[PDB]
Every structure is written in C-alpha cells, then in structure tokens.
Amino acid sequence: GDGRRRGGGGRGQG
RNA sequence: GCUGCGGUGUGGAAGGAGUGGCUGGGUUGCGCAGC
Ligand SMILES: [K+]
Ligand SMILES: [K+]
Ligand SMILES: [K+]
C-alpha cells in the first residue's frame, strides 16, 4: 500500500 | 492503490480540509483511523 498515506481534503500529496 | 478526521504545529489560543497554500512551517509536512 505505497500510495496516499493519508486522506481528507488536500491532505497527503508529495 | 483509494478514502475519512482542524485531529497535529518553533502561532495552532481568538481560523479552515486548502476560495491563503508559488506568503511560511509543507510539492498538503505530522498523527490517528477505514477500504
Ligand atoms: K496555517
Ligand atoms: K495549516
Ligand atoms: K495542515
């Protein structure tokens, strides 16, 4: 699961 | 691979989910949780 580590709104990019 | 919660702050105590984010911590860092 090496993708979006965290979610919600604009959380977790780069 | 995807998604939820201003829940976290060398401001987080007078705010949000980026209609401030090429103005910073931050190519949205950090923590927790779900598929
Ligand atoms: K801020
Ligand atoms: K912030
Ligand atoms: K933040």
# chains A, B, ... in the order shown; residues from 1 in each chain; ligands from 1
>>> closest_atom_pairs(of="chain B", to="chain A", cutoff="12 Å", atoms="only C-alpha atoms (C1' of nucleotides)", output="CSV")
residue,atom,partner,partner_atom,distance
B:1,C1',A:3,CA,5.9
B:2,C1',A:4,CA,7.3
B:3,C1',A:7,CA,5.9
B:4,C1',A:8,CA,5.8
B:5,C1',A:8,CA,7.4
B:6,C1',A:9,CA,11.3
B:7,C1',A:8,CA,11.4
B:16,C1',A:9,CA,10.4
B:17,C1',A:9,CA,4.2
B:18,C1',A:10,CA,6.3
B:21,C1',A:10,CA,10.3
B:26,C1',A:14,CA,9.3
B:27,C1',A:14,CA,5.3
B:28,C1',A:11,CA,4.9
B:29,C1',A:12,CA,8.6
B:30,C1',A:12,CA,10.3
B:31,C1',A:6,CA,10.0
B:32,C1',A:6,CA,9.8
B:33,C1',A:6,CA,9.7
B:34,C1',A:7,CA,10.2
B:35,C1',A:1,CA,11.6
